[PDB]
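Enquirer: Would you mind keeping the following structure in view while I ask a few things?
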Amino acid sequence: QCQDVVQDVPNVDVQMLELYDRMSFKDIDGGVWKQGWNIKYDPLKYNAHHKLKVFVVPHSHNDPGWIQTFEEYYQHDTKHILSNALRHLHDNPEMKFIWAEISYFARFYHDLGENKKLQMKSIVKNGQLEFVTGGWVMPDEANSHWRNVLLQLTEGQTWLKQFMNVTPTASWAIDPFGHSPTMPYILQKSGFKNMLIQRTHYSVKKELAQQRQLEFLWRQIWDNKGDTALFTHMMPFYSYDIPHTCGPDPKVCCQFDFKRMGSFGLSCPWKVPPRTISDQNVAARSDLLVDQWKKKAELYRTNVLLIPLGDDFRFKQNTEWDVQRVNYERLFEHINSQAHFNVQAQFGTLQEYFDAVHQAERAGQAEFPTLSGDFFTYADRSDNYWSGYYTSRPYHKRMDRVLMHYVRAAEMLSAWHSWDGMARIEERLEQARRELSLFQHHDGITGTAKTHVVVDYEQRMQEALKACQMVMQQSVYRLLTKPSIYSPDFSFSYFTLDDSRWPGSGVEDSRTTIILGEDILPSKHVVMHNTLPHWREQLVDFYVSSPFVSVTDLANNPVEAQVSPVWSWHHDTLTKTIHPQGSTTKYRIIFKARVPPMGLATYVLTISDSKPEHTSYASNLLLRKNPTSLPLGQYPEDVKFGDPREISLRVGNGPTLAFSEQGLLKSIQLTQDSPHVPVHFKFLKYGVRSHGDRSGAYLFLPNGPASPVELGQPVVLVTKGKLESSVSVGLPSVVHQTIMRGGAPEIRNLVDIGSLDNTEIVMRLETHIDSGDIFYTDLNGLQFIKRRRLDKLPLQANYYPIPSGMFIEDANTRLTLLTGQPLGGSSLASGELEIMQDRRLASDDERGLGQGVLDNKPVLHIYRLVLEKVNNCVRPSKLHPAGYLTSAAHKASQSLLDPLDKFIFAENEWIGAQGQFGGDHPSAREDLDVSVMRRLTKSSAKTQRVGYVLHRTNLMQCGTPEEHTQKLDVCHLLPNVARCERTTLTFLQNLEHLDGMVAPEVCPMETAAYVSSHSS
Ligand SMILES: CC(C)(C)c1ccc(CC[C@@H]2CC[C@@H](O)[C@@H]3[C@H](O)[C@H](O)CN23)cc1
Ligand SMILES: [Zn+2]
């Protein structure tokens, strides 16, 4: 039944890791096609019975924020482009236009009068205006999580189905900085038949062009059969602009961009301008243009040629529509009537191109190669590798992952019920989905926008977080109150969220202290939510106003707890040291919460006059020369002091960790008898070149290998508790923390690069694992791909996106680092892993941004560090291009991305409170997730519909015996099911009507969507 994703190496024509190993990457001058060669063709190839069919496809690339905000661009440019497109297409029936960004289209359409809405629907229905992809945005492919790529695709396509009655099946991605196979994975499971990409390494374009492998069936790296394959067209030249889309010579192609004659303020850098087409020049002009087209056609296998015609924010003025259309019409009339050219040229759309290509294929005219792999790291020229944007603006990269989880939790918690319109649930969820979707743009999460635009994205995401909080807390109140008591005010705050890691300690003072006291309030209810479909235990912490607090469940059973101080780190501008201060009135209480699958659990915190029976207190040790006292109020244990020294810690029966006198990990011992395995954390800095090209928001151009950060004699704080222990150290630019709860440690870095201009701070792990030149990184949080370090390429080319994790291994040992935020990283030597923390750059790097990166702010980065023995694991063979996590590493990743949510009851007494929700929910096998649960209907619908996206990962078999778990059938999670359907991942098309209304579980590495219908 299910394909084996481990043991069968797929046979493909092009495998990108193998291609990389073989290629020389020489940057030679190819002539007018600077990165290619002088293309030759046989004029006799095309004749009366075999013509070249040319589709000229007008387009306008509209960024939802970059140099201006979304709203600024909409007012100044996009509203005019769309208004003039409507008029010109209406009036010129043979003219065509494609549109990608639905965020702008929806903004425009809703402001149109009814007459114009009808005119717009007519030019879509008749095929003159065609939507390509139909996502909210054209997303980044490096830093984006697959869940958010799907979210933004669904937001745009749901809008298009409702208002335009169309669902695109061809994708257009002309600007993201490199390309991921996560895109065809999602698109192929969402009804698509074709896709187009542009930004791939210039050496790759040359190699594939020589073999006519620029069109290929792109399958996943583990897919032996090919059921994931999606037809893909890679454009051959340096850019998507008119000079780089007609053919190989931009000096010639520029003369066919009729906006560049002078009155529009544009010109041709190659110093030859366009000239208006006339009867006296059309033959010579056609001669030049057809020659360019026939050269481009030599790079592809069919007699159908794609010629994009557009650029950034084009087709804005009426006069521009006229100058492009009339000049091209004169060229077509001449070319199509001159038999000697053997060409038929016309305006077309993207779907028309692909339909004609496949007609040629079915006629036996061409066969296409198969391909697997990715297209990172991109370089557009010379040594200019775009690995900087894997890290740029890391505060907002972390915010993306926080909001990702809040959107999932808000949609899931509120899906369980139908809500009255007055509750504003659908309104708040639509706002949250749209702001997160907007940020997936290739100038949003990438960190490549102007400072004021980054601020706009941040403000939008903050409003989205508040919307999610409102929906979540209303839902908890409804799910856990006796129904005959429940009395909602839909504007009221019944609970506030408590989040320990966002914005984070030392970033914002945002958390509420639970205030208890004999003369005010003896106790407080708290509630935990678990969005994952299995029972889960996790330590949770709250701030409380007394150390004498104990925890009970809602059967009044005692729960073991630990109290620790609240520690904050300060850069002391007087003593010139970085050191911790403790609160004398706020304390942390920590306990293990146990929560049902997709469920809720209630606990109670109660004050007493002295130390409670079931609460313990951490010890605290400050290691520094020249200590001063550290009082802690009522906290029952005095802080201890010492000179810096090596130390060792063990929580529970977990690993024993040893630290240097500077507070940095040096070894991990997995069990009592086992070796102390060298595992060393180190912080280093990269700089910028003093001559030639400078690093900026896009480009990483280091001045050689990194240099160690000079640490001095830093202050180290050791907290030792029964449930949780930690070592924290104040280093220059980073407060580095290692936290132990009985399994793999959690690492937290509070990163403040301050005023350190032209500096990139990296965190490195040094081990003696014999990894050689191999390492693994993830793509969009979906799959792990094998990387090979290449010493034939510069340092920055060996940097890859780390959207959620990375690992190295040898025959016996693996080290995996999981992340709570996308960052850039590599393995630059055998046994090493490294990941960039932040970067501050004074210079612009010549890609259009027009500023450096000087707007850094403190960010709390989070990680888990998993050392494991892998000698017993069933792994792929040496030639397989994928890798897979273990159970422990996968659970560690879930602990970072989808932790328990914590709610504090906001008033004194919760009347009608219940102890648990979801105790009867199935606890599914650990590799299965309910990635999305979303109610699809409003309360007035007779038949309610709920959509689910189910994802199964693939975990290594390493000899841990399987325990039986329960089958998860999402179609029976809500009562009164009347129908269950398998759908596309966007929920927009029914694919299968399911027997017995049962939704089957999916295979490893597969994702499916189901919709259940319920009689209400
Ligand atoms: C030399 C100049 C004119 C600055 C230039 C440099 C690069 C490009 C390529 C297009 C760039 C690539 C980075 C990217 O951030 C931007 C925006 O998303 C916009 O849509 C154009 N894109 C176009 C033009
Ligand atoms: Zn762009």
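Ligands are numbered from 1 in the order shown, chains are lettered A, B, ... in the order of the structure tokens, and residues start at 1 in each chain.
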Based on the backbone DSSP call, show me all residues of stretch 453-670 of chain A assigned helix (DSSP H, G or I), as a ChimeraX atom specification.
Expert: /A:453-479
Enquirer: List the spatial neighbours of residue A:478 as an MDAnalysis selection string - criterion: any atom at most 10 Å away, only C-alpha atoms, same-chain residues fewer than 3 positions off excluded.
Expert: chainID A and resid 413:414 416:417 473:475 481:483 486:488 913
Enquirer: 7 Å from ligand 1 is the threshold here; counting only C-alpha atoms and all ligand atoms, which polymer residues fall inside it? Answer as a list in words.
Expert: residues 61, 62, 63, 66, 175, 239, 312, 442, 443, 448, 846, 847, 848 and 849 of chain A
Enquirer: With N, CA and C atoms retained, write the just-selected residues as a PDB file, in the first residue's frame.
Expert:
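And here is the file that came out, again_24.pdb:
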ATOM      1  N   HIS A  61       4.583  42.645 -11.806  1.00  0.00           N
ATOM      2  CA  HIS A  61       5.006  42.065 -10.527  1.00  0.00           C
ATOM      3  C   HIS A  61       4.708  43.082  -9.395  1.00  0.00           C
ATOM      4  N   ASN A  62       3.754  42.746  -8.514  1.00  0.00           N
ATOM      5  CA  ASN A  62       3.267  43.671  -7.468  1.00  0.00           C
ATOM      6  C   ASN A  62       3.574  43.171  -6.048  1.00  0.00           C
ATOM      7  N   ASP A  63       4.623  43.702  -5.441  1.00  0.00           N
ATOM      8  CA  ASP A  63       5.035  43.267  -4.088  1.00  0.00           C
ATOM      9  C   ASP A  63       4.122  43.806  -3.000  1.00  0.00           C
ATOM     10  N   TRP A  66       7.569  46.273   0.299  1.00  0.00           N
ATOM     11  CA  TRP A  66       9.017  46.133   0.052  1.00  0.00           C
ATOM     12  C   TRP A  66       9.687  47.488   0.365  1.00  0.00           C
ATOM     13  N   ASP A 175      10.064  35.700  -8.498  1.00  0.00           N
ATOM     14  CA  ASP A 175      10.982  36.471  -7.636  1.00  0.00           C
ATOM     15  C   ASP A 175      11.541  35.830  -6.340  1.00  0.00           C
ATOM     16  N   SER A 239      16.990  37.428 -15.290  1.00  0.00           N
ATOM     17  CA  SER A 239      15.862  38.072 -14.609  1.00  0.00           C
ATOM     18  C   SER A 239      14.548  37.808 -15.342  1.00  0.00           C
ATOM     19  N   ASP A 312       8.351  45.095 -12.627  1.00  0.00           N
ATOM     20  CA  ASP A 312       7.763  45.546 -11.351  1.00  0.00           C
ATOM     21  C   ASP A 312       6.732  46.644 -11.559  1.00  0.00           C
ATOM     22  N   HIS A 442       7.816  37.297  -0.212  1.00  0.00           N
ATOM     23  CA  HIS A 442       9.276  37.211  -0.387  1.00  0.00           C
ATOM     24  C   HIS A 442      10.078  38.489   0.001  1.00  0.00           C
ATOM     25  N   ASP A 443       9.397  39.547   0.492  1.00  0.00           N
ATOM     26  CA  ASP A 443      10.069  40.655   1.221  1.00  0.00           C
ATOM     27  C   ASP A 443       9.588  40.791   2.679  1.00  0.00           C
ATOM     28  N   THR A 448      13.882  41.487   4.032  1.00  0.00           N
ATOM     29  CA  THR A 448      14.437  42.296   2.949  1.00  0.00           C
ATOM     30  C   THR A 448      13.631  43.570   2.622  1.00  0.00           C
ATOM     31  N   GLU A 846      22.925  46.193  -3.206  1.00  0.00           N
ATOM     32  CA  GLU A 846      22.693  46.362  -4.661  1.00  0.00           C
ATOM     33  C   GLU A 846      21.584  45.487  -5.274  1.00  0.00           C
ATOM     34  N   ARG A 847      20.582  45.132  -4.468  1.00  0.00           N
ATOM     35  CA  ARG A 847      19.407  44.390  -4.971  1.00  0.00           C
ATOM     36  C   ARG A 847      18.106  45.198  -4.891  1.00  0.00           C
ATOM     37  N   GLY A 848      18.224  46.508  -4.650  1.00  0.00           N
ATOM     38  CA  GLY A 848      17.083  47.430  -4.701  1.00  0.00           C
ATOM     39  C   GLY A 848      16.542  47.939  -3.375  1.00  0.00           C
ATOM     40  N   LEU A 849      17.003  47.368  -2.264  1.00  0.00           N
ATOM     41  CA  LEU A 849      16.483  47.767  -0.952  1.00  0.00           C
ATOM     42  C   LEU A 849      16.883  49.204  -0.563  1.00  0.00           C
TER      43      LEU A 849
END
Enquirer: What's the 12 Å shell around stretch 339-347 of chain A, counting only C-alpha atoms, without same-chain residues fewer than 4 positions away, as a VMD selection string?
Expert: chain A and resid 43 to 59 89 92 to 98 127 to 129 283 286 to 291 293 to 294 297 303 to 309 324 to 326 328 to 335 352 to 353
Enquirer: Kindly export the residues of the current selection with C-alpha atoms, as a short mmCIF file (atom, residue, chain, number, x, y, z; two decimals), in the first residue's frame.
Expert:
data_model
loop_
_atom_site.label_atom_id
_atom_site.label_comp_id
_atom_site.auth_asym_id
_atom_site.auth_seq_id
_atom_site.Cartn_x
_atom_site.Cartn_y
_atom_site.Cartn_z
CA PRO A 43 16.85 28.10 -39.81
CA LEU A 44 15.33 25.07 -41.55
CA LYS A 45 14.00 23.58 -38.25
CA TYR A 46 10.73 25.49 -38.62
CA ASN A 47 8.80 25.29 -41.95
CA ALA A 48 5.24 25.35 -43.38
CA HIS A 49 4.27 22.09 -41.64
CA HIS A 50 6.10 22.83 -38.37
CA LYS A 51 5.77 26.42 -37.11
CA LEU A 52 7.08 28.04 -33.92
CA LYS A 53 4.09 29.09 -31.79
CA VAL A 54 4.97 32.11 -29.60
CA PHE A 55 2.91 33.24 -26.57
CA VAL A 56 3.70 36.78 -25.35
CA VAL A 57 2.34 36.93 -21.77
CA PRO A 58 1.85 40.45 -20.28
CA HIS A 59 2.41 40.66 -16.50
CA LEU A 89 -8.77 44.47 -21.57
CA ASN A 92 -9.16 45.30 -26.62
CA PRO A 93 -10.52 41.73 -26.84
CA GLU A 94 -7.24 40.07 -28.02
CA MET A 95 -5.11 41.61 -25.23
CA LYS A 96 -4.24 39.33 -22.25
CA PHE A 97 -2.84 39.77 -18.69
CA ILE A 98 -1.90 37.49 -15.79
CA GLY A 127 -9.97 34.22 -20.44
CA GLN A 128 -8.41 37.66 -21.02
CA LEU A 129 -7.39 38.16 -17.35
CA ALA A 283 10.86 44.07 -41.32
CA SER A 286 10.98 41.61 -36.80
CA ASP A 287 14.23 40.11 -38.12
CA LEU A 288 15.96 40.99 -34.84
CA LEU A 289 13.10 39.85 -32.58
CA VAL A 290 12.38 36.50 -34.31
CA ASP A 291 16.14 35.69 -34.19
CA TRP A 293 12.92 34.00 -30.10
CA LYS A 294 14.45 31.18 -32.20
CA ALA A 297 13.47 28.14 -28.46
CA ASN A 303 7.59 24.14 -30.81
CA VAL A 304 5.67 26.28 -28.24
CA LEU A 305 7.63 29.24 -26.76
CA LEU A 306 6.88 31.31 -23.60
CA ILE A 307 7.78 35.05 -23.75
CA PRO A 308 6.86 36.93 -20.53
CA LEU A 309 6.31 40.70 -21.09
CA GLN A 324 3.21 48.07 -25.49
CA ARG A 325 0.02 46.77 -27.17
CA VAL A 326 0.13 48.78 -30.43
CA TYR A 328 3.49 44.34 -30.44
CA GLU A 329 0.33 44.22 -32.60
CA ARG A 330 2.33 45.70 -35.54
CA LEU A 331 5.08 43.11 -35.02
CA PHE A 332 2.58 40.20 -34.90
CA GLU A 333 0.78 41.36 -38.07
CA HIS A 334 4.09 41.44 -40.00
CA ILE A 335 5.64 38.25 -38.56
CA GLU A 352 -2.54 28.68 -22.72
CA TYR A 353 1.25 28.12 -22.91
#
Enquirer: So which residues touch residue A:430 within 10 Å, counting only C-alpha atoms, skipping near sequence neighbours fewer than 2 positions away, as a list in words?
Expert: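 Once the adjacent positions are removed, what remains is residues 155, 407, 411, 425, 426, 427, 428, 432, 433, 434, 435, 464 and 467 of chain A.
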Enquirer: Measuring atom to atom with only C-alpha atoms, identify which of A:84, A:123, A:172, A:640 is nearest to residue A:319.
Expert: A:84
Enquirer: Determine which residues of stretch 842-999 of chain A DSSP labels as strand (DSSP E or B) from the backbone of this structure, then write them out as a ChimeraX atom specification.
Expert: /A:853,859-869,882-883,901-905,913,916-917,928-935,943-952,977-983,990-993
Enquirer: From the list A:110, A:890, A:934, A:199, which residue is nearest ligand 2 when using only C-alpha atoms and all ligand atoms?
Expert: A:199
